[PDB]
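Quick heads-up: it's one chain on its own, the form deposited in one PDB entry, in structure tokens.
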């Protein structure tokens, strides 16, 4: 299928084993911003669900399907590929909703639905929005969407902004300099120092931060889920031209994201911005191995290219330059292996 074609088997095995744990579902359920905002978006747009047909893509515990049932849905197909499906089925029986929620085990790229749906709901966002490549499954699910059907969430915005954080930058060399020792128990390790540095800088940094580190207004890249095709996410090119609001050393780019549920009654936003309450997505920072000096009023221009790989993630390429000086920095990160710094 489409999923098997884009995913190495080892990665899929690990991924669905991970999501088969109740502790992981629980971790996501306990994110109050996430769960509360989803419930609110669904219940306050009750006309988009009352007596409607719903598809829940990757239902996990089934929480969103139960929210759709609370809003009056007639029939909800809840698709889930990990062993969590079995758990979801138990919940459906214990909440007396067997006539309204049908759990379907398997991948949404491989299962069958008995009918087309009025609305698709899902929680397909990973770190930096795109991690885990679940958005593609979400977009794939539009083969089951009736003409003029809706999607919750409806659109996604990724934000990027340059930051300064001298201590974060320094920590990488401090860790790597373990190898810059000529007699570790009699062994000269120094020839690996460079490799160590490289390894640490290929990891995106997952945590939160004070907004005062941001040096320019963010640039936005938008995916409209009603319109986008799976193939649009294999190569994501984000050009940027920042007008520097503060002078300093740019140590890298920070990323966050919002999604919007565009309903008939109201639009509801779920934001992971550093100006908003913390979520379990935090924010993501990609460091430059060579920082760039910038003056307030200078322009920092370049490109962030995200190239989808078969490990359900992206290879990140960031090229940036300060236009007033021509000083450049290029960087390659592996989004599959972030550094959880919180």
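Positions refer to the first chain, counted from 1. Rigid core (definition): largest C-alpha set, two forms, superposition within 1.5 Å.
The discussion below concerns the form deposited in another entry, not included here.
Once the two forms are fitted on their rigid core, between this form and the one not shown the CA displacement reaches 2 Å or more only for 179 among 209, 269, 179, 169. Shown in the overlay between this form and the one not shown, fitted on the rigid core, is a CA shift at residue 96 smaller than 2 Å.
For residue 236, a C-alpha deviation below 2 angstroms is recorded between this form and the one not shown after rigid-core alignment. The Cα position of residue 227 differs by less than 2 Å between this form and the one not shown after fitting on the rigid core.
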